[PDB]
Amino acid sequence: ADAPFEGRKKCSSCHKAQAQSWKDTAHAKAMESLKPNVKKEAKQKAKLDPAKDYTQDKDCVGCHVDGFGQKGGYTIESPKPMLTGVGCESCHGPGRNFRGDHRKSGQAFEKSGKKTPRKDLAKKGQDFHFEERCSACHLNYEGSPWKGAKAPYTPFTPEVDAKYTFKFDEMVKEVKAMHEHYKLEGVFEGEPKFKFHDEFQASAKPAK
């Protein structure tokens, strides 16, 4: 089983606070990095060509868009703007099947306070762990600590520069590059629950 990708539109329409915050992160602008003459210095350090247009190179786009190589995902032949940049489904998982449960569950909660178990969403493909997905992009290089590495690899590795060292427990809390967290009403409950969920909700900004 597995759900296809659809893009950021629906998620963004119901979750405007996260979407507006996400919009300003490096992830949202990931495709701009593949354009000619952008990030020239970093590209030279990694021995890449600073003037090359890498926006349609299959050795690069896969980690700068949503669901490359997966059903419903971004393709160089049909590069959907709503799948351009590392977006919502790249971390939360393809949403085709679970976004429907977010709608119905939210309606049920608004009408009667009924909560829905996270177990139902995980069954529909939602990710509440994240490590593996971040790793498929950030730790995808030869000999990396992550067991799933396979080409094409990311040019940006600790070997190129120590700043490219990725540690999940640290980076997932990187407030300068992850979307801000906002308070949830509590529609969903139970396991699997992200290990830092309560920590993030206790420190979250008001839903407004």
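One-based numbering along the sequence shown.
Just going by the entry, 41-49 versus 61-69 on mean CA temperature factor gives the higher value to 41-49. With 94-102 and 81-89 compared on mean CA B-factor from the PDB entry, the stretch scoring higher is 94-102.
Annotation for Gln107: C-alpha temperature factor in the highest third relative to the rest of the modelled chain, per the entry.
When all modelled residues of the chain are sorted by CA temperature factor, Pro36 is found within the middle third.
In the deposited entry, the Cα temperature factor of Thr116 places it in the highest third of its chain's modelled residues.
Among the modelled residues of its chain, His197 has a C-alpha B-factor that falls in the lowest third, as given in the PDB entry. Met178 sits in the middle third of its chain by CA B factor, as recorded in the PDB entry.
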